[PDB]
Structures are given as structure tokens and as C-alpha cells.
Amino acid sequence: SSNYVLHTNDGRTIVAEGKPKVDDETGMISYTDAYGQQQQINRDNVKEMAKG
Amino acid sequence: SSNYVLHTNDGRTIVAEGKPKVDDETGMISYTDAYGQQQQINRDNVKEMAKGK
Amino acid sequence: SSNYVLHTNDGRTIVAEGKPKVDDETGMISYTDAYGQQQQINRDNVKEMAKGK
Amino acid sequence: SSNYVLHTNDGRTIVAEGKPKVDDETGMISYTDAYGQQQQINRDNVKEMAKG
Amino acid sequence: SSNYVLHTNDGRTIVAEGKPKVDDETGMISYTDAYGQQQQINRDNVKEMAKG
Amino acid sequence: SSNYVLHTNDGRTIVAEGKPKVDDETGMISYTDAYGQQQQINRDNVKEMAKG
Amino acid sequence: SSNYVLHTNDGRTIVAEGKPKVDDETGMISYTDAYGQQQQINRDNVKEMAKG
């Protein structure tokens with residue numbers, strides 16, 4: 001898939017390898033960063049998301 | 001479909017191609033912008049929107 | 001149709017034609033303004049609502 | 001009638017004729033004021049409520 | 001029965017006759033005070049509760 | 001019952017006998033302290049909890 | 001069998017032995033720390049989480 005770009009509410013821009021989605025087991029937004037590591041972020045700190 | 005205009009708490013005015021709707025797998029408001037890029041925005045960052053303008 | 005007046009948390013009063021209601025597709029309060037335009041407003045920005053003119 | 005008084009965030013004391021209740025269509029607390037007009041107030045703006 | 005004491009976020013303690021419970025019609029915490037009068041308070045204004 | 005140690009957001013430590021859990025009737029975290037008193041605390045004021 | 005790292009609001013970097021998950025009884029994020037102790041932390045207090 002194409003990369004996705006997340007904009008945090010703390011001024012950061014994060015690249016994800018695929019579409020970030022809520023992990024029903026944690027309630028947080030799960031994604032894979034550019035280094036291929038699985039990450040999760042509090043949804044309250046995610047302002048926007050763009051495909052590409 | 002008629003475009004919608006969203007106003008964010010950040011002061012931005014954003015144009016969507018169709019009615020923005022919550023995406024069940026993200027919990028955020030999903031839409032496609034005027035440029036055709038698929039975007040999502042936290043509902044807490046949306047102040048209001050209108051159908052057309 | 002009965003009109004409503006929405007009072008926002010930012011000092012605005014908006015006239016609605018028909019009772020504003022939560023739109024499950026967006027999670028925001030949906031209504032039609034005095035000009036026939038469909039609008040949506042974040043529930044957190046709605047302080048009170050009065051039925052009438 | 002059953003008379004209630006709502007105490008709001010901004011310090012107001014509002015008289016309601018009949019028990020105020022959430023309107024599931026709006027998610028807000030619905031009530032009839034001392035003048036017979038139907039009112040609705042955001043739940044987050046209501047601090048306390050009392051019969052009297 | 002037994003009394004309960006509620007501690008609000010505004011530095012106040014209210015005595016309740018019986019266990020306060022959410023009134024599903026209002027979404028607030030419902031209880032009967034010492035005066036035997038029906039009272040309701042926004043859950044966001046309740047810090048703690050104790051059974052006396 | 002096994003003890004649990006709760007830490008509030010305002011920096012206090014509270015010992016519970018038995019696992020604290022949400023009381024569906026109040027929406028708050030319910031527990032019995034080490035001294036046998038039934039208490040409840042607003043979830044928003046609970047930072048963390050540890051078994052032991 | 002991979003470990004996880006939780007980043008909290010107060011700048012803590014907590015190692016979890018296993019993927020943290022919400023506990024339906026408390027509504028908080030449940031996990032086991034490096035010392036084998038069962039811990040729980042308010043979702044609102046977790047900024048991010050990383051696998052590795």
C-alpha cells in the first residue's frame with residue numbers, strides 16, 4: 001500500500017507504511033513506521049491523517 | 001456528489017468531495033479532498049461543516 | 001416547521017428550521033439553517049437550544 | 001407539576017416544569033422552562049439538579 | 001440502609017441517604033440528601049464517594 | 001483478597017483489598033479499602049494500579 | 001513473546017512483557033512489567049507504545 005502521513009496534536013509528522021487503524025485491544029491507533037517497527041499512538045494526539 | 005466544507009479548530013477551511021463520515025476502523029472523520037487525496041481528521045478538530053457553499 | 005435557535009459556546013446564535021439532531025454518520029449535530037443549507041456543528045460547541053424564534 | 005431547578009456551569013439557576021431528561025435525538029438535556037418554552041442544554045453545562 | 005459521602009471537585013462533601021446511582025434518564029448521579037430531598041449531580045463533578 | 005495499589009492523578013496512593021473495577025451503577029471505579037470501607041473514585045482521577 | 005514500551009504523559013518509558021490490552025472490568029490498559037507484576041494504567045496517561 002501507499003504510505004500514510006499522520007499529523008500529531010504536538011506538532012509532529014509521522015510516516016506509516018500502511019493505513020493506521022484503531023487496535024480494538026488497546027483503543028489506540030496502530031501503524032508501522034518507516035523503519036518497519038509496530039507503533040501505537042493515543043488517538044487524542046492524532047489530529048489528521050493523509051494517504052500518500 | 002456535492003462538495004462539503006469543513007472548518008477545523010485550527011482555523012482551516014477544507015473542501016471535501018462528498019459528505020465526510022466517521023470511518024469505523026479509525027474513529028476519525030474520513031473524506032477525500034478537492035485534490036483527490038484521501039484524508040481523515042479527528043472529530044475533536046472539526047468545529048462545523050456545511051453541505052456545499 | 002418549528003424553528004429552533006442554537007446557542008454556541010463561542011457566542012453565536014443560529015436559527016435552525018426543524019429540530020437539530022445528532023447525525024450518527026458524523027457524530028455531530030446536524031440541522032438546516034434559515035437559508036435551506038444543511039449544516040453540522042460539533043456537539044461540544046452547542047451550549048443550549050431553544051424551540052421557537 | 002414536578003418542579004425542578006438546574007444549576008449550570010456559568011452559575012445560572014434555571015427553573016424547569018417537569019423532570020428534565022436527555023433527548024436521545026440530541027444527546028442534550030431537554031426541559032420546559034418557567035414560561036412554557038421547550039429548552040435543551042448540553043449535559044456538560046449542567047452541574048447539579050434538584051427538585052424544588 | 002447506610003449513608004454515603006460524596007466529595008465534589010469544588011471542595012464540598014454531601015451526605016447521601018443510600019447509594020447514589022446514575023439516573024439513566026439524565027445521565028447524572030442521583031441521590032437523596034440528608035434533608036430527604038432528591039438531588040442529582042454531574043458525574044464529572046464527583047471526585048470520590050464513601051460508604052459510611 | 002489480594003491487595004491492589006491505586007495511584008491517583010493528584011498524587012495519592014490508595015490500598016485496595018480485592019481488584020478495583022467499574023461499578024455499572026455509578027460509572028466510577030469501585031473498591032473496598034484495606035480497612036473494609038466501600039469506596040468509589042472517578043476513573044479520570046485514577047492514574048495507575050498495581051497488584052500486590 | 002516480544003516486549004513493548006509504553007511512553008506515558010509524565011515521560012516514563014515502561015517495559016511491558018507482552019502486548020498491553022484494555023481490561024474491560026476497569027477500562028484501563030493492562031500489562032505485566034519486567035518484574036512480573038500486573039499493572040494497569042489509564043488510557044489517557046499513555047502517549048505512545050512501541051513493539052521491540
Side-chain angles (χ1 to χ4, degrees), chain D residues 2-16 19-22 29 31 41-52, chain E, chain F residues 1 3-49, chain G residues 26-28 40 42 44-45:
Chain D
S2 288
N3 305 290
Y4 288 78
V5 173
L6 300 82
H7 296 78
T8 68
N9 281 348
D10 52 48
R12 285 176 293 155
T13 297
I14 307 170
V15 172
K19 181 192 178 182
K21 300 174 184 170
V22 166
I29 288 165
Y31 68 101
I41 177 170
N42 191 308
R43 296 170 56 190
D44 301 321
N45 282 278
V46 182
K47 189 176 189 303
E48 322 174 74
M49 186 176 295
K51 197 165 184 296
Chain E
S1 300
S2 57
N3 290 312
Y4 285 79
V5 186
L6 301 73
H7 296 71
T8 75
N9 295 81
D10 53 71
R12 170 176 45 145
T13 69
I14 172 63
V15 181
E17 295 184 293
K19 180 190 182 183
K21 305 180 182 186
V22 170
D23 178 348
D24 296 309
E25 286 188 307
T26 62
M28 294 173 89
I29 294 174
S30 175
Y31 67 103
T32 314
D33 62 28
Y35 292 126
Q37 188 183 306
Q38 295 182 294
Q39 299 293 322
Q40 300 215 187
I41 184 174
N42 191 311
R43 204 198 320 157
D44 300 314
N45 189 201
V46 181
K47 176 177 297 303
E48 285 173 342
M49 193 174 285
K51 181 176 186 179
Chain F
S1 301
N3 293 314
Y4 279 79
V5 180
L6 286 60
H7 304 67
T8 62
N9 279 306
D10 51 50
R12 319 201 314 294
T13 292
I14 303 169
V15 179
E17 186 185 309
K19 183 194 180 187
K21 50 185 178 293
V22 173
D23 177 332
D24 286 354
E25 296 181 354
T26 65
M28 306 183 276
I29 290 295
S30 174
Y31 68 98
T32 304
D33 61 40
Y35 298 112
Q37 176 176 53
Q38 298 170 63
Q39 302 194 287
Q40 293 208 34
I41 182 170
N42 191 303
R43 298 172 54 183
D44 298 325
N45 193 205
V46 175
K47 174 187 174 195
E48 46 179 38
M49 178 177 93
Chain G
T26 70
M28 296 182 273
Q40 291 214 22
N42 193 311
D44 295 328
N45 284 261

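Both backbone and side-chain heavy atoms feed into the values below; hydrogens, waters and symmetry mates do not. Chain naming here is simple, since letters A, B, ... match the order of the sequence lines and numbering starts at 1 in each.
- Contact record, D/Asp10 with D/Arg12: OD1-NE, 2.8 Å, taken as the closest heavy-atom pair.
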Decide side-chain contact (heavy atoms from CB on, under 4.5 Å) for E/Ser30 and E/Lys21; before the verdict, give the C-alpha distance in whole Å, the side-chain angles of both, and the deciding distance to 0.1 Å.
CA-CA 5 Å; E/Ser30 175; E/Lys21 305 180 182 186; 5.9 Å; no
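- Between F/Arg43 and F/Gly27 the shortest heavy-atom distance is CD-O, 3.4 Å.
- Partner E/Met49 forms a side-chain contact (heavy atoms from CB on, under 4.5 Å) with one of F/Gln39, F/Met28, F/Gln38 and no other, that one being F/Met28.
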Verdict with supporting geometry, E/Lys19 and F/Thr26, side-chain contact (heavy atoms from CB on, under 4.5 Å)
CA-CA 9 Å; E/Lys19 180 190 182 183; F/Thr26 65; 4.2 Å; yes
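- The side-chain heavy atoms of G/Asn42 and F/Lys47, taken from C-beta on, include no pair separated by under 4.5 Å.
- Across every non-hydrogen atom of F/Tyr35 and F/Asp33, the tightest pair is N-OD1, 2.7 Å.
- Heavy-atom minimum distance, D/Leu6 versus D/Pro20: CD1-CG, 3.8 Å.
- Neither side chain, G/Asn45 nor F/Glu48, offers a donor N or O lying under 3.5 Å from an acceptor on the other.
- D/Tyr4 OH to D/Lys51 NZ: the interatomic distance, rounded to the nearest 0.5 Å, is 5.0 Å.
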Run E/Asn3 and E/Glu17 through side-chain contact (heavy atoms from CB on, under 4.5 Å) and show every step you take.
CA-CA 5 Å; E/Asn3 290 312; E/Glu17 295 184 293; 3.6 Å; yes
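- A donor-acceptor contact shorter than 3.5 Å links the side chain of D/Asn9 to the backbone of D/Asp44.
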